[PDB]
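Positions of Cβ are backbone-derived with ideal geometry, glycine not excepted, and every protein chain shown enters the neighbour counts. Values in this text are rule-based calculations from the coordinates and carry no lab data.
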Ligand code: NA
Ligand code: NA
């Protein structure tokens, strides 16, 4: 039995440390039902306050890290810096960084390798764009991303890896994803793991749905056999986040 | 008389919050001579501790910011977040971000516009690469960068703008820059400002040397008529930083 996993990705929000602290206080009072692993990802500059104030049964995550321990990389934040605060998680490969910030698969593989080799746990994001979706080539595209990922995972570190599927074809495109879509692609990913690295690893790795998750669809999505949780966007800034965390009882 | 200006760019250093706090304590005990404006730029995740612990007669700076107030930009830090801590400065356009992180001039112009329109002061970086240097086309190249910058500066905000010249042709290239080189390019920049936006603005804007600045060359460089200070790299992590700040007495 894989522990249900819910990551709250604040993205570049909120605007002020005051709003962040109010948000934390909200999360600290939330009543979690069932068995669920909860992680909260926030902007770098809010990480210290999050680590300090967030309920200790949840974990803090970065939204990105660089490839090196330190050095001449103006503007970048590195794994050692994050760890020095006691922070154990980072998101990698989010579609927004792949797209807006031009992060390619080689950059991302290097990050996953460095992060894991340095004691961190990763939420690794993948997902196909509209054209591959419409061509019926989603599985091929996603497979290539996972294959670029796999060689970065050090032996014995798959327990520290969580994979999130983003239906990029449904983000800002005029298309929406169904519950069945989410299940199908999470299954696609799991089968890729089983074929490439073995059933034992495939059965243990949490695969999350990273599309639009809201209180109105989290229960239905949670029930999908291959969906082990969510990487939540907007709802993670709202009270609806606890409903999403509690969707685990339908999984 | 332009106030001498020294920015300490920690870049992606140090590795741990503990090292950062020790570094701050060092800077807090430093005896500054003369008249000099001091700014210290650190990784996002260290900004809160810096803002809190750094001597109040110096100012804290980000090493980068995004183009938007907030939103779906996983991994990015924004102007409002930084300001919510009382932080007033950011570096923009550093060669390492232009090169490694692929930031282009349009991205950078947008950042300068947004930052300044939102109450922040900027250290805007420019500088030509080896090929333009060797072709004797440095001034042409740098002019293009400044021209892309100028339309972003809102009326009445040139007092909030500092420009740093990076001899990228001398960074990781096997070539070294002389004191005369620094002076020549700082002058080039000032003349570009005078021609494009007027002598009054050109006479007020601080132009910094962003090449290799160390205790062994800061006095000589400081004396250069058009060099109003430095954006310091490695030395800003060392005790030699105070020598650099104190070089102002030779300007
Ligand atoms: Na499930
Ligand atoms: Na001078």
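Table for the structure above
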| quantity | calculated |
| --- | --- |
| The one condition in (1) closer than 24 Å to residue A:110 by Cβ; (2) buried (at least 24 other Cβ atoms within 10 Å of the Cβ); (3) in contact with a helix residue (DSSP H, G or I) (Cβ under 6 Å, 6 or more places away or on another chain) that residue A:241 fails to fulfil | (1) |
| Selection status of residue A:225, more than 14 Å from chain B (Cβ to nearest Cβ) and within 14 Å of ligand 1 (Cβ to nearest atom) | yes |
| Enumerated helices (runs of 4 or more DSSP H) restricted to the range B:166-251, each holding at least 1 residues that are away from ligand 2 (no atom under 14 Å from the Cβ) | B:179-197, B:199-204, B:241-245 |
| Residue match in the range B:209-219 (condition: away from every other protein chain (no Cβ under 14 Å), under 21 Å from residue B:105 (Cα atoms), touching a residue at least 24 places away in the same chain (Cβ under 8 Å) and away from ligand 1 (no atom under 16 Å from the Cβ)) | yes |
| Of the criteria (1) under 19 Å from the mean Cα position of the chain (by Cα); (2) surrounded by fewer than 22 Cβ atoms within 10 Å (Cβ to Cβ); (3) more than 10 Å from every other protein chain (Cβ to nearest Cβ), which one residue B:38 fails | (2) |
| So residue B:7, is it within 16 Å of ligand 2 (Cβ to nearest atom), surrounded by 24 or more Cβ atoms within 10 Å (Cβ to Cβ) and under 17 Å from the mean Cα position of the chain (by Cα) | yes |
| The range B:43-57, residues that are farther than 14 Å from residue B:86 by Cβ and within 11 Å of chain A (Cβ to nearest Cβ) | B:43, B:44, B:45, B:46 |
| Subset of the range B:18-30 (residues that are in contact with a helix residue (DSSP H, G or I) (Cβ under 6 Å, 6 or more places away or on another chain) and within 13 Å of another protein chain (Cβ to nearest Cβ)) | B:20 |
| The range B:1-17: number of residues that are more than 14 Å from chain A (Cβ to nearest Cβ) and in contact with a helix residue (DSSP H, G or I) (Cβ under 6 Å, 6 or more places away or on another chain) | 2 |
| Among residues of the range A:81-94, those that are facing chain B (nearest Cβ under 8 Å) and either crowded, with 21+ Cβ neighbours inside 10 Å or more than 14 Å from residue B:13 (Cα to Cα) (or both), counted | 5 |
